[PDB]
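Colleague: Structure for this input, please:
(2 chains, ligands or ions: 6)
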Amino acid sequence: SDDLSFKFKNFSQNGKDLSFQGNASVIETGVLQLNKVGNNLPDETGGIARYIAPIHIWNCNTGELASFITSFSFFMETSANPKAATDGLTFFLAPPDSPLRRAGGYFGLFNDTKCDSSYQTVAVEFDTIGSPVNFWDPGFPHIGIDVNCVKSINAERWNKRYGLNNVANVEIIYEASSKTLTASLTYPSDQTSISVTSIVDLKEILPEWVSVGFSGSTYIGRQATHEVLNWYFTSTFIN
Amino acid sequence: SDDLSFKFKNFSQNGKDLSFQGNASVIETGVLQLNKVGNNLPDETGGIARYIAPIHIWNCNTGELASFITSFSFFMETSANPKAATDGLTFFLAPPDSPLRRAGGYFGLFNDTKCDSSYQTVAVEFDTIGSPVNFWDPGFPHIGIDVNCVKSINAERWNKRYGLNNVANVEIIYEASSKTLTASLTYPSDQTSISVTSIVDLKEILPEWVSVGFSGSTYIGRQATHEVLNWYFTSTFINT
Ligand SMILES: *[C@@H]1O[C@H](CO)[C@@H](O[C@@H]2O[C@H](CO)[C@@H](O)[C@H](O)[C@H]2NC(C)=O)[C@H](O[C@@H]2O[C@@H](C)[C@@H](O)[C@@H](O)[C@@H]2O)[C@H]1NC(C)=O
Ligand SMILES: *[C@@H]1O[C@H](CO)[C@@H](O[C@@H]2O[C@H](CO)[C@@H](O)[C@H](O)[C@H]2NC(C)=O)[C@H](O[C@@H]2O[C@@H](C)[C@@H](O)[C@@H](O)[C@@H]2O)[C@H]1NC(C)=O
Ligand SMILES: [Ca+2]
Ligand SMILES: [Ca+2]
Ligand SMILES: [Mn+2]
Ligand SMILES: [Mn+2]
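Modeller: Residues are numbered from 1 along each chain as shown, chains lettered A, B, ... in the order given. Ligands and ions are numbered 1, 2, ... in the order given. Structure data below:
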């Protein structure tokens, strides 16, 4: 389609408009749980959930690119030590048929640290663990923009908080005219706010039709669960 | 979801968001063709096209029912005498995984004339042929409201027009508070407009999640193609 917008005030267990891969699911409370925690899981574990309908991101015949904006609230919980819990969650755009990749520090989107244009993935990561644990990362939790690689083309310092009382407000926007991708995280309790921005041309990275969604991962020993409360999304070619 | 809205200004051949059944498809001109014509087809032939994602129409947890509005423009083409051409098109809500059924005067939605609650289908029909050809219809072309049966509960007379110069603009609305379903057709060339309405409780007829789409069909000897130019749709539980 040319314009598309949906809004989830909460999720339903028996819903039919979401695709799940890995261990992502909707729990009894009406919350989108991106990954599970328990000893019956592999060392590197995670999940993926995307809206069932592909989004027309750019049109080849007219040479046009769409502008979009999304926003959601999330929270995370861990039985281990906050400073050492892995790995985080991401919001991404990739081909509708992409398979679940490797978990852990790879967010289920990548195979390894080598960059490759064949991924055709554009994600905004909420990376909870950095170096020395993940050598390719800065020495602290951060938010960054990834383009076909686990190495962000840009990142910013993030002071991660855990618990339902520490809900985070996220807002991502892509303005096609200026090829600008901006992401901002805000904690409404005390009003702490952080941002990242990069100039990226989606037209030469992604196919015309992509899927929008989330991914969540963790590692054995430092297990943490990532969850989404609601989701709003809207894209248009006329903006 | 709770809210959903999409707009197709035209359709693309390599689109990935429409699901097809039978002989419906998007042609080179960017138009959605519901059925094809030609002599190498079954006697009763037709097609169906639906948006790929199911719509949350009602909620069993809160007892809420959604309101919706949809609009689209369509036109029909025929090489046979217009008066005799069949069978028409349809805008419908049904289980997302329902199969294509009998075409011809049954629009690909039903098996025959028996009414049955298990169809869980509500459709607004733009029926181009009535009795005696179709014994269950009024004796003339008409636009009607079907609830689990090919026989309408209410219908209004329609003087059908064919050709690209006779495009029709349609608007269908379901207002949850009063349970009113209204459909109106207007020919912009001369402002001729007609409408049909009914009051039906969707929670009692449809499942919580349904697919929305169109169906088109025809018969040998009186073939006609039915085409949609654009489509806008929006549903919400939080009606103003
Ligand atoms: C990510 O890991 C995948 C393995 O799980 C790679 O796919 C494998 O690619 C092999 C070589 O092309 C092929 O023989 C295997 O059948 C396939 N394995 C599976 C399980 O599908 C994948 O490689 C990319 O995709 C393939 C299809 C080729 O186009 C390669 O040139 C690509 O690199 C890995 N992706 C990346 C970006 O490394
Ligand atoms: C519409 O035509 C269908 C095709 O014949 C009917 O389904 C078939 O019905 C048989 C007799 O009831 C059943 O044993 C077959 O398994 C079934 N075949 C297929 C391919 O579905 C259909 O019947 C309805 O659905 C079945 C499952 C029963 O619930 C019947 O009581 C229903 O009438 C026909 N009727 C309808 C309303 O679809
Ligand atoms: Ca990391
Ligand atoms: Ca008829
Ligand atoms: Mn990182
Ligand atoms: Mn009729």
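Colleague: For whichever residue of chain A sits closest to ligand 5, which non-adjacent residue is spatially closest?
Modeller: Distance from ligand 5 to each residue of chain A (C-beta to the ion) is smallest for residue A:127, at 3.7 Å. For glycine as for every other residue, the C-beta is placed from the backbone atoms N, C-alpha and C. Spatially, and ignoring its direct neighbours in sequence, residue A:127 is nearest to residue A:88 (4.7 Å; C-beta to C-beta, 6 or more residues apart in numbering or on different chains).
Colleague: hang on, isn't that neighbour packed against residue A:126?
Modeller: Yes. Counting by C-beta atoms under 8 Å, residue A:88 touches residue A:126, with 4.8 Å between them.
Colleague: nearest residue to residue A:9 other than its sequence neighbours?
Modeller: In space, residue A:9 is closest to residue B:2, 4.9 Å off (C-beta to C-beta, 6+ apart).
Colleague: For that neighbour, list the residues it contacts.
Modeller: Shown in contact with residue B:2 (C-beta atoms under 8 Å, 6 or more residues apart in numbering or on different chains): A:7, A:8, A:9, B:56, B:236, B:237, B:238.
Colleague: and the last one, what helix or strand is that in?
Modeller: This means residue B:238. Residue B:238 is part of no helix or strand, with elements assigned from DSSP states H and E.
Colleague: Wait, it touches residue B:3, no?
Modeller: Yes. With contacts counted by C-beta under 8 Å, residue B:238 reaches residue B:3, the gap being 7.3 Å.
Colleague: out of these two, which sits in the more crowded spot?
Modeller: Set residue B:238 next to residue B:3 and count neighbours by other C-beta atoms under 10 Å in any protein chain shown: residue B:3 wins out with 17 against 11.
Colleague: who does the more buried one bridge with?
Modeller: residue A:7 (DSSP bridges).
Colleague: Ends of stretch A:153-162, what's the gap?
Modeller: 26 Å (C-alpha to C-alpha, to the nearest Å).
Colleague: Likewise for stretch A:126-140?
Modeller: End to end - C-alpha to C-alpha - stretch A:126-140 spans 12 Å.
Colleague: How about that stretch and ligand 3, any contact?
Modeller: Yes. Stretch A:126-140 lies within reach of ligand 3 by C-beta under 5 Å from the ion, at A:127, A:129, A:134, A:137.
Colleague: Run the chain-centre distance for that stretch.
Modeller: A distance of 17 Å separates the centroid of the chain from that of stretch A:126-140, by C-alpha atoms, centre = their mean, to the nearest Å.
Colleague: what do you get for stretch A:76-91?
Modeller: With C-alpha atoms, centre = their mean as the basis, stretch A:76-91 stands 14 Å off its chain's centre.
Colleague: before we move on, what about stretch A:188-207?
Modeller: 11 Å.
Colleague: Check stretch A:29-41 too.
Modeller: 16 Å.
Colleague: residue of chain A with the smallest distance to ligand 3?
Modeller: With C-beta to the ion as the measure, residue A:134 is the residue of chain A nearest to ligand 3, at 3.7 Å.
Colleague: and that residue, how far is that from chain B?
Modeller: Distance, residue A:134 to chain B, by C-beta to the nearest C-beta, to the nearest Å: 35 Å.
Colleague: Residue A:175 too?
Modeller: 20 Å.
Colleague: Please apply the same query to residue A:142.
Modeller: When residue A:142 is compared with chain B (using C-beta to the nearest C-beta), they lie 31 Å apart.
Colleague: can you check residue A:225 too?
Modeller: From residue A:225 to chain B the distance is 23 Å (C-beta to the nearest C-beta).
Colleague: Kindly report the same for residue A:114.
Modeller: From residue A:114 over to chain B (counting by C-beta to the nearest C-beta), the distance is 29 Å.
Colleague: Also residue A:76?
Modeller: Noted for residue A:76: a distance of 24 Å to chain B, by C-beta to the nearest C-beta.
Colleague: ditto for residue A:23
Modeller: 23 Å.
Colleague: do the same with residue A:63
Modeller: Residue A:63 is 14 Å from chain B, by C-beta to the nearest C-beta.
Colleague: Also residue A:83?
Modeller: Counting by C-beta to the nearest C-beta, the gap from residue A:83 to chain B is 37 Å.
Colleague: before we move on, what about residue A:187?
Modeller: For residue A:187, the distance to chain B - C-beta to the nearest C-beta - is 25 Å.
Colleague: Is ligand 5 within reach of stretch A:185-199?
Modeller: No. Figure legend: stretch A:185-199 not in contact with ligand 5 (C-beta under 5 Å from the ion); closest approach 11.3 Å.
Colleague: starting at the chain centroid, how far to that stretch?
Modeller: 15 Å.
Colleague: gap between the two ends of it?
Modeller: Stretch A:185-199 end-to-end distance (C-alpha to C-alpha) = 19 Å.
Colleague: cool, stretch A:10-28 as well?
Modeller: End to end - C-alpha to C-alpha - stretch A:10-28 spans 11 Å.
Colleague: What of stretch A:48-63?
Modeller: 31 Å.
Colleague: Check stretch A:144-156 too.
Modeller: Stretch A:144-156 end-to-end distance (C-alpha to C-alpha) = 6 Å.
Colleague: One more: stretch A:125-135?
Modeller: Separation of the first and last residues of stretch A:125-135 by C-alpha to C-alpha is 16 Å.
Colleague: coming back round to it: could the residues of stretch A:126-140 next to ligand 3 go into TSV alongside distance to ligand 2?
Modeller: Formatted as TSV, those follow (distance: C-beta to the nearest ligand atom, whole Å):
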residue	distance to ligand 2
A:127	51
A:129	53
A:134	53
A:137	55
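Colleague: Done for today, thanks.
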